[PDB]
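Written below as structure tokens is the structure these notes are about.
Positions are given from 1, in the same order as the sequence printed here.
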Amino acid sequence: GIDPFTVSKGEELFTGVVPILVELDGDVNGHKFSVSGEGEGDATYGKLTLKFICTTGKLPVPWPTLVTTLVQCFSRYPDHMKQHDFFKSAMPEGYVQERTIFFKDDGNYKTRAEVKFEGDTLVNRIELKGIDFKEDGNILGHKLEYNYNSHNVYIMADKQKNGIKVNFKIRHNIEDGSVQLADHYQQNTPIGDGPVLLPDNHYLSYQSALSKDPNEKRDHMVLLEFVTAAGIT
Ligand SMILES: [Br-]
Ligand SMILES: [Br-]
Ligand SMILES: [Br-]
Ligand SMILES: [Br-]
């Protein structure tokens, strides 16, 4: 645990608007890149507003393939489900979020992130490793639409890791009208040793919109996103 006093513990840190910083270093089939993002989250409304920039030049993969990787503590948990909010309960010390993302008939991403507070800022620091991609596939060939769909993200307790398991399927729209499936396997573990809320089975409901900043000439993505916990009552 932490200094008891630490003015705000877990949920108390998210009652207002919180600045967010995201830092990602990636390597996909040897194409190395980095991304930074900045914005804010308002968990009362499940609301995220973020702008991401590829800091190394051109992004070697489509932006939509990075949305899931690039802060589930900003989810709106209904009052009646407050006891199932693992993500906020881990704060401020935070949690490790690990994924494997299988792109159907193509490669996989494996990601490891630490999500925690650094002062007033909620920070998501990620490493991403992609292998087994087709150089002419939908990912390295940049054949995905710059858009995003709504999804449910399914959560269960992992009592052995004092954490959670998460799984879900993302369907990316291909430029020919077809669909590129990306199956997500996820686990989160607290960084601290204190108690955390281990949830009953439930899900998060996501809506996401991607756009561009008309005055931004670097390779970038503007993201608006709303996230709401559901599935209990
Ligand atoms: Br793109
Ligand atoms: Br999120
Ligand atoms: Br969109
Ligand atoms: Br469920």
Side-chain angles (χ1 to χ4, degrees), residues 19-41 48-72 74 94-116 118 121-149 151 168-175 179-188 206 208-225:
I20 297 170
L21 184 60
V22 183
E23 305 295 343
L24 176 160
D25 288 336
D27 177 330
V28 178
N29 282 31
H31 302 277
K32 300 183 189 291
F33 64 94
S34 294
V35 167
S36 64
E38 306 190 6
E40 58 210 9
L48 292 174
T49 52
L50 289 143
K51 180 184 170 189
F52 299 94
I53 293 159
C54 180
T55 59
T56 45
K58 209 209 157 182
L59 193 70
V61 297
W63 281 104
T65 72
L66 297 183
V67 166
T68 58
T69 296
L70 291 163
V71 277
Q72 300 186 308
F74 288 104
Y95 53 79
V96 180
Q97 177 160 301
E98 299 168 276
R99 296 215 178 93
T100 306
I101 307 171
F102 295 100
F103 293 89
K104 189 169 170 62
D105 294 321
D106 210 333
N108 67 92
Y109 296 162
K110 288 179 175 289
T111 63
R112 187 178 189 282
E114 296 185 9
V115 184
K116 62 193 138 178
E118 296 297 338
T121 302
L122 187 282
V123 176
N124 181 14
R125 298 165 154 102
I126 314 137
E127 56 184 297
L128 177 151
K129 183 63 162 298
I131 65 173
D132 298 325
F133 287 87
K134 290 162 187 171
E135 267 293 342
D136 56 335
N138 294 325
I139 299 71
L140 291 173
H142 298 267
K143 306 184 191 179
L144 304 184
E145 293 179 350
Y146 185 72
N147 59 28
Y148 219 83
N149 291 302
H151 303 284
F168 57 97
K169 295 179 150 169
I170 294 298
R171 295 106 191 318
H172 294 300
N173 296 320
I174 307 169
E175 273 174 344
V179 167
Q180 173 65 66
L181 185 62
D183 285 284
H184 286 59
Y185 292 84
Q186 174 182 346
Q187 56 188 29
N188 298 52
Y206 276 80
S208 305
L210 311 193
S211 62
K212 300 290 194 191
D213 173 355
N215 299 305
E216 181 55 71
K217 313 294 155 37
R218 298 171 287 183
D219 201 357
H220 75 284
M221 165 175 73
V222 175
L223 175 63
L224 176 57
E225 197 161 62

Can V35 and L70 be said to form a side-chain contact (heavy atoms from CB on, under 4.5 Å), step by step? CA-CA 9 Å; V35 167; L70 291 163; 4.0 Å; yes
Full working for side-chain contact (heavy atoms from CB on, under 4.5 Å) between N124 and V115: CA-CA 5 Å; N124 181 14; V115 184; 3.6 Å; yes
Applying side-chain contact (heavy atoms from CB on, under 4.5 Å), run through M221 and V67 and close with a yes or a no. CA-CA 9 Å; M221 165 175 73; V67 166; 3.8 Å; yes
When you look at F52 and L66, which way does the side-chain contact (heavy atoms from CB on, under 4.5 Å) test go after all the steps? CA-CA 10 Å; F52 299 94; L66 297 183; over 6 Å; no
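Counting only heavy atoms from C-beta outward, the side chains of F103 and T65 approach each other to under 4.5 Å. Side-chain atoms of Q186 and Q97, non-hydrogen and from C-beta on, do get closer than 4.5 Å to each other. Considering only heavy atoms from C-beta on, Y109 comes within 4.5 Å of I139 through its side chain. Between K212 and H220, the closest side-chain pair of non-hydrogen atoms falls below 4.5 Å. Put simply, the side chain of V222 does not reach to within 4.5 Å of the side chain of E216, judged on heavy atoms. The shortest distance between side-chain heavy atoms of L223 and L48 does not fall below 4.5 Å. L144 has its side chain out of reach of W63: every pair of non-hydrogen atoms, C-beta onward, lies at least 4.5 Å apart. Contact of the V61 side chain with the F133 side chain is not registered, since no non-hydrogen atoms from C-beta on lie closer than 4.5 Å.
Here the side chain of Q180 pairs a donor or acceptor atom with the backbone of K104 at under 3.5 angstrom. A donor-acceptor pair is defined here as one N or O able to donate and one able to accept, closer than 3.5 Å; no such pair exists between the side chain of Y146 and the backbone of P64.
Atom OH of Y185 has 12 or fewer neighbouring heavy atoms from other residues, nucleotides or ligands inside a 6.0 Å radius. Crowding of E175 atom CD: a count of heavy atoms from other residues, nucleotides or ligands under 6.0 Å exceeding 12.
Of all the heavy atoms in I101 and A182, the pair that sits closest is CG2-CB, 3.9 Å. The two residues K143 and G137 make their nearest non-hydrogen contact at CE-O, 3.8 Å. Taking each heavy atom of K134 and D106 in turn, the nearest pair found is N-OD1, 2.8 Å. Nearest approach of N149 to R171, heavy atoms of both residues: ND2-O, 3.0 Å. Across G41 and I20, no two heavy atoms sit closer than the pair N-CD1, 3.5 Å. What you find for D27 and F33 is that their closest heavy atoms are N-CE2, 4.1 Å.
How far CD1 of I53 is from OG of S34: 12.5 Å, rounded to the nearest 0.5 Å. Between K129 atom NZ and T111 atom OG1 the span is 13.0 Å, to the nearest 0.5 Å. Distance check: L128 CG to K32 NZ gives 11.5 Å after rounding to the nearest 0.5 Å. To the nearest 0.5 Å, atoms CD1 (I126) and CD (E23) are separated by 8.5 Å. With values rounded to the nearest 0.5 angstrom, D219 atom CG is found 11.0 Å from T55 atom OG1. A distance of 5.0 Å separates OH of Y148 from NE2 of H172, quoted to the nearest 0.5 Å.
Judged purely by distance below 3.5 Å, without hydrogens or angles, the side chains of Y206 and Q72 pair a donor atom with an acceptor atom.
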